[PDB]
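Residue-level structural notes
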Amino acid sequence: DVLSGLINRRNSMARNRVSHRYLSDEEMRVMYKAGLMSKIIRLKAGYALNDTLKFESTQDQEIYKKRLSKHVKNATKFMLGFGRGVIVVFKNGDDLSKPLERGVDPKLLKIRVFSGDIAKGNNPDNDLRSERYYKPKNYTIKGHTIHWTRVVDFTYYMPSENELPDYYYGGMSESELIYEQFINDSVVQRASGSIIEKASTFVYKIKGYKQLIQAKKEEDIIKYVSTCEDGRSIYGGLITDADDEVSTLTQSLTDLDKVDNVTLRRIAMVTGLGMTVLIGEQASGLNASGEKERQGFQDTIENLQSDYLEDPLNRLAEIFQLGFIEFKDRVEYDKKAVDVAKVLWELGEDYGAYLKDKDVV
Amino acid sequence: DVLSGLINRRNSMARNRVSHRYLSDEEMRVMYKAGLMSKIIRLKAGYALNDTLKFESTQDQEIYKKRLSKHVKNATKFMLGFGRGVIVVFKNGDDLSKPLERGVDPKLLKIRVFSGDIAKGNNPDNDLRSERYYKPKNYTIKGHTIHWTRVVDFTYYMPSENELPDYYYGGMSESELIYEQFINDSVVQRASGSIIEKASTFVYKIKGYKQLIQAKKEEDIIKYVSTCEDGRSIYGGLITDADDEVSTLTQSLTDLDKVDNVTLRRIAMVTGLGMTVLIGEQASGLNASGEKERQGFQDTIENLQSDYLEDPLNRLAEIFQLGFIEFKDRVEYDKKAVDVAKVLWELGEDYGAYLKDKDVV
Amino acid sequence: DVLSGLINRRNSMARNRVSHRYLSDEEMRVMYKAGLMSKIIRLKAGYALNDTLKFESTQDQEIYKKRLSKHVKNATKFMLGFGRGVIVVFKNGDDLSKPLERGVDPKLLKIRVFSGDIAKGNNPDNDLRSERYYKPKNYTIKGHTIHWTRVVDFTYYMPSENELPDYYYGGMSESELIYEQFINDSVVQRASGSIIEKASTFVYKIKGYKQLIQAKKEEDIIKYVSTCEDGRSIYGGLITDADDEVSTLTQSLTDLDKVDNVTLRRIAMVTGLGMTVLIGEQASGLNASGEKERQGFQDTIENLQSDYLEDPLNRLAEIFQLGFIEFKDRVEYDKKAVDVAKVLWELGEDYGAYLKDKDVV
């Protein structure tokens, strides 16, 4: 697809090579505040944790729930916001070093949650012995420092190892995924507001106003126009001159909808949320109940649920002696099938063996 | 995507970096009054608290309801309005210090609710001992001061800790989330009203009116035009001159609908309410009953219900000796399934065990 | 279709011959970070591994799942990202040479996962004896080296052997498949954001500004325009001169939607994901549950499942003494048929033989 001219050079192929921005931590902070991604972070985090946690420990049901299931949500928000959510646990005595797990701390401990801004990862062992180049070995949360096994890390989508330090050992803010986007949409929107005030400008092309400004005795003509504009309406006709010329100029974003369309399409892609939510027509098919509507993007959340939330939640599960915690997605839909399972045999009367391996309860 | 020219510099990538406004408290006050967000704050607050509160204490059913469930609503409104809703409780004796919970105050106490305007957060312990950099330790509500454990804080979406003081230790007004928006829409709307009065201006390009103004004996021509305009209609034809020229100029916001569309789309996003409500077609799918219509955005409210309302309500729950309070979302829809549960067994006649673990009552 | 002119030469046939870019490893790294393909890699990898793994070893059910089924996902992501996903296994003692499989390592071993960036393939035996020109015999993961039978390779779509070294013995990043695409879309998008800010430029064609710049005493006219622009609105009419001329120029991407359409169509093709997901209308028919929605592109994933994931997973299956692992795709849909199978015979009462060879459980 390249020959016989200089087409070879000026096409989009060679005219530009690929490169990716590394948005700074301070810029990462700002987008966490900005309204658009604020819902992005809130939506995706909630869609991951809102009553979606399969607990295999019925006894002391969801002691996770009343204590730190709310800490994790702020922390897993800090995942998406900054690429590094952090949960810090330590006993009543502040310690730089590891938690004494010889007798695993029986709820004699406190809980902290930290954004990737103030948190960070420091020390990787370059050898293959204990934890590979990925996992840090000790890093500072503040002026203080916290041991590796002390701390639980909510790490998002990680890049290749050759550049993992540039994200300081963990995750990638959604901003870094859509920094192309949020800037563009903001540009779309800031321009959107200011176009209307300049949508059409009345113009008094007035002969001699060359001179009046030039003689700086232009005070009166401004006054007359100001009085004239103070009343220019459907009801009173202008009075101007043959040599005068009143005209009207319009300027407006001719393709505001197209660009706002393109920018929003991508954000739906990269974030994984539907197009409908960005437009705001949440009523249609993107909802809470998982019958068919949460199914609209549950795959993305499930992709989130089994990639960056399973690692630390399982690690958090063991540190509190809780069981292995997973996710698995009303039942009235299934009940009609349940009766079908019952009516399978009726061997006189015998238990439908398939009743148990469904939503019997 | 960058090479071979100066394209590298002028694109939306590098031509502008990201930054977020910090709207002042006084501006935060004004938007609480403004009509648009007034419904935003009212809608979202009501959608969170209107008969959505699961009470595990059937005995003295909803003593919360008749006493302060209305205080919270004004307070949780103050959450969204200013980023800081406050409930203040103290006994009959005004105290700066903590409430005597040695014997927890048995309803011998008064209730107050405060906006984030007059309220504020003051004193964080920078150490990790008791309450992390987030939670204040003592702050002033007015000229007075109130102890930390005295006061219940309705804190909205919080930013990163590095900048938490700039919001004075808690939450973020929806305005701060949509200050880009409310200004833009107001700009759309203020311009919308004034465009019609100038939608078309009749113009008397009149030869010699150069001179008549210049000789300041222009009184008569204005009088004739005023009499002429006093009757310019379909019924009487103008009389002007060959050298005269009557023309008409139109100016109008060519893309008023597009920009008003873009601005409203985002507000539906960030607030979480549907697009339909902002347009005002509330009849379609955004309603009160949670069968399918409140499901249109119940996820956002549920995201609100389990993020910023659970913390203080649970704290408020214990201070009044009430049980742990949560939320859980008519039954005639479920009843047909209920009968299906009954007809599962009919082992002679035996209780449907699945009857209890549904809406039996 | 060629005669009687010079048409023979200038048509798309001979005017350009075919050639394919070889995007470098560093460019391969960048796209892994970029937002667009970040979802591509995440989506396709998740759609392949999310609860789609048929385990023939019910005993110790899915010991794969809690230990390294998450290692593989990061590794199979590294397949798509770089064309080479790597899983490295070795005992507590670092070894260059082969793992001692005389007694196959009974879970006394560690697990590593590596991107094709830092990993690479080195040594092919050109003879046909053991492993053909495809399979390497020993390659370096870092400064270190790892034996062939030590390491498990997640190799994507491979090119012809004559050029296999140029990809260093394994796979092809999706980037290499859509480098034509990601560059083009990025070009579409970067231009999309910057067009609005220049969608319409107000122009003061002003007589004499020739001279004012030329006399470099042009300070005042800029000041007046700056004050004039500071207020140019619907409400105040411009005042300019007969010799002056105010005009407005619009520039906008006339076919932004068309090109953005074409680019997105191809990415849906090559990646295999639907068009709906790239647009972001994931709610329609591309979902998680495989009833009908995951069927939208499950063939592509199944094509992925039985091409590049079966090889190493089976190799990984044997190295851990796990059984042969495959894939096979709710049941309430099938249950109505199950009852049909039961009601086939009712020979008095006899077992429906077809019950077993379906989803009985």
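Residues numbered from 1 in each chain as written, not as in the entry; some residues may be left out. Chains lettered and ligands numbered in written order. Part of a larger assembly, values for the part shown. Heavy atoms only, no water.

The PDB entry annotates chain A as Portal protein originating from Vibrio phage XM1. For this entry, the PDB record gives the title as "Myoviridae Phage XM1 Neck Region (12-fold)".

Comments concerning the relation of the copies chain C and chain A
For the pair chain C and chain A, the relating rotation is 30°, the translation along its axis is 0.1 Å, and the fit reaches an RMSD of 0.0 Å. Mapped onto chain A, only 20% of the interface residues of chain C are again interface residues, and the two copies thus contact each other with different surfaces. (Least-squares fit on C-alpha atoms. Contact = heavy atoms within 4.5 Å.)

Topic: the interface of chain B and chain C
Every contact between the two is made by 14 residues of chain B and, on the other side, 9 residues of chain C. Together, the buried faces of chain B and chain C total about 890 Å²; carbon and sulfur atoms form 56% of this surface. Looking at the side of chain B facing chain C, the largest losses of area belong to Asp1, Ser12 and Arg15 of chain B, adding up to 45% of the total buried there. Counting across the interface, chain B meets chain C through 1 salt bridge. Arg15 of chain B is paired through a salt bridge with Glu197 of chain C; the nearest N and O atoms lie 3.5 Å apart. The interface formed by chain B and chain C contains 4 residue pairs in polar contact. Every element with two or more residues in the side of chain B that touches chain C is listed here: helix 1 (7–10) and helix 6 (174–197) of chain B. (Buried area = accessible area lost by both parts, 1.4 Å probe. Salt bridge = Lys/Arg side-chain N within 4 Å of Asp/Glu carboxyl O. Polar contact = N/O pair within 3.5 Å; in protein donor to acceptor, adjacent residues only side chain to side chain. Helix = DSSP H or I, 4+ residues; strand = E, 2+ residues; numbered from the N terminus.)

Thoughts on the relation of the copies chain B and chain C
Least-squares fitting of chain B to chain C yields an RMSD of 0.0 Å, with the superposition described by an axial translation of 0.0 Å and a rotation of 60°. Such values leave the two copies arranged in the relation of a six-fold axis. No C-alpha of chain B lies nearer the rotation axis than that of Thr254 of chain B, which sits 18 Å from it.

Looking at the nonpolar core
When a protein is soluble and globular, its nonpolar side chains tend to lie buried together. In terms of nonpolar packing, the biggest core is built from 191 residues, with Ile87 of chain A together with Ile87 of chain C touching the most fellow members. Setting aside residues no more than four positions away along its own chain, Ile87 of chain C makes contact with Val72, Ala75, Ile111, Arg112, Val113, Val151, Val152, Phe154 and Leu316 of chain C. Counting residues in each nonpolar core, the second largest holds 21 residues, with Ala199 and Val259 of chain A together with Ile196 and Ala199 of chain C among its members. (Core = buried A, V, L, I, M, F, W, Y, C linked by side-chain atoms within 4.5 Å. Buried < 20%, exposed > 50% of the residue type's maximum accessible area, 1.4 Å probe, protein only.)

Considering unusual backbone geometry
Look at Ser4 of chain A: it is not a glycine, yet its phi comes out positive at around 65°. Structurally, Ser4 of chain A is set in the segment before helix 1 (7–10). Looking at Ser4 of chain A, the relative accessible area reads 44%, which means it is partly exposed. In this structure, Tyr169 of chain B takes a positive phi of about 65° despite not being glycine. Its place among the elements puts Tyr169 of chain B in the loop between strand 6 (151–155) and helix 6.

Focus: the interface of chain C and chain A
Tallying the contact residues gives 110 residues for chain C and 103 residues for chain A. Taken together, both faces of the contact between chain C and chain A bury some 9600 Å²; the carbon and sulfur share is 54%. In this assembly, chain C and chain A are joined by 9 salt bridges. Note that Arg129 of chain A is salt-bridged to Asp94 of chain C, the shortest N-O span being 3.8 Å. On the surface where chain C and chain A come into contact, there are 44 residue pairs in polar contact. Considering every element that reaches the side of chain C that touches chain A, the biggest residue donor is helix 6 (residues 174–197) of chain C, with 15 residues.

A few points about the pairing of strand 2 (residues 84–91) of chain A
Residue and element names in this part refer to chain A. When you tally the buried positions in strand 2, you get 7 out of 8 residues, the bulk of the element. Pairing analysis gives 5 bridges linking strand 2 to strand 6 (residues 151–155), with the strands arranged antiparallel. Note on strand 6: the bridge partner recorded for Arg84 is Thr155. Relative to strand 3 (residues 109–114), strand 2 runs antiparallel, the two sharing 6 bridges. Bridge pairing links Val86 to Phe114 in strand 3. (Pairing = 2+ DSSP bridges.)

Observations regarding a nonpolar patch on the surface
All names here are of chain C. Together, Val340, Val343, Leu344, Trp345, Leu347 and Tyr354 give the surface a local cluster of nonpolar side chains, amounting to about 640 Å² of exposed area. Along the polypeptide, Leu347 turns up in the segment after helix 13 (331–342). With relative accessibility at 55%, the residue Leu347 sits in the exposed group. (Patch = residues over 30% accessible without salt bridge, like charges linked within 9 Å, V, L, I, M, F, W, Y side chains within 5 Å. Areas by Shrake-Rupley, 256 points an atom, 1.4 Å probe, with all protein chains shown as cover.)

A look at helix 5 (residues 69–82) of chain B
Here helix 5 of chain B is 14 residues long and its end C-alpha atoms lie 20 Å apart, about the 20 Å a rise of 1.5 Å per residue gives. Backbone geometry just downstream of helix 5 of chain B places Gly83 of chain B in the positive-phi region, at approximately 80°. (Expected span 1.5 Å × (residues − 1).)

Examining the packing of aromatic side chains
Scanning all chains against the criterion turns up 29 aromatic pairs over all chains. Here the aromatic rings of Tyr47 of chain B and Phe297 of chain B are separated by 4.7 Å at their centres, their planes lie at 65°, and the arrangement is edge-to-face. Of the two residues, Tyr47 of chain B sits in helix 3 (residues 35–49) while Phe297 of chain B sits in the loop between helix 10 (275–279) and helix 11 (298–305), which places them 250 residues apart along the sequence. Per residue, the accessibility class of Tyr47 of chain B equals that of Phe297 of chain B, and both read buried. Members of the aromatic cluster, each reached through a chain of ring pairs, are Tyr32, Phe78 and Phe82 of chain A together with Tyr157 of chain B. Directly above the aromatic system of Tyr157 of chain B lies the positively charged group of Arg42 of chain A, at a separation of 4.8 Å from the ring centroid. Lying over the aromatic face of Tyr168 of chain A, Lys120 of chain A brings its terminal NZ or CZ to 4.5 Å of the ring centre. (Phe/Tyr/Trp six-rings, centres within 6.5 Å; stacked < 30°, edge-to-face > 60°. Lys NZ or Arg CZ within 6 Å of the ring centre and 35° of its normal.)

Considerations on the sheet that holds strand 2 (residues 84–91) of chain C
Pairing between the strands of a sheet comes from backbone hydrogen bonds, and it takes one of two forms, parallel or antiparallel. Residues and elements named next belong to chain C. Strand order in the open sheet formed by 3 strands is 3-2-6, and the pairing between neighbours is antiparallel. Only two strands of the sheet have a single neighbouring strand rather than two, namely strand 3 (109–114) and strand 6 (151–155). The mean inter-strand angle of the sheet, taken between neighbouring strand axes irrespective of direction, is 15°. Taken strand by strand, helix 5 (residues 69–82) contacts strand 2, strand 3 and strand 6, and its axis lies near 140° from that of strand 2. (Axes fitted to C-alpha atoms, helices over the stretch in contact; angles between N-to-C directions.)

Here we look at the environment of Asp185 of chain B
All names here are of chain B. Relative to the helices and strands, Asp185 resides in helix 6. Judged by its relative accessible area of 10%, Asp185 is buried. Expressed as a C-alpha distance, the spacing of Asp185 and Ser4, which sit 181 residues apart in the sequence, is 40 Å. Among residues more than four places away in sequence, those in contact with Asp185 are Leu36, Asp260, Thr263 and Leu264.

Some thoughts on the pattern of salt bridges
According to the stated counting rule, one finds 53 salt bridges over all chains in the structure shown. Its salt-bridge partner being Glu349 of chain B, residue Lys342 of chain B comes within 2.4 Å of it at the nearest N-O pair. Judged by its relative accessible area of 52%, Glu349 of chain B falls in the exposed class. One salt-bridge network, in which partners are shared between bridges, spans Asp25, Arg29 and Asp117 of chain A.

Some remarks on the sheet that holds strand 7 (residues 200–206) of chain B
Pairing within the open sheet is mixed, and its 3 strands lie in the order 8(A)-7(B)-8(B). The two strands at the open ends of the sheet, each matched to only one other strand, are strand 8 (238–241) of chain A together with strand 8 (245–250) of chain B. The sheet shows a mean angle of 30° between the axes of neighbouring strands, direction not considered. Two elements, strand 7 of chain B and strand 8 of chain B, share 6 bridges in a ladder whose sense is antiparallel. From the neighbouring strand, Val203 of chain B faces strand 8 of chain B, where its bridge partner is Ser247 of chain B.

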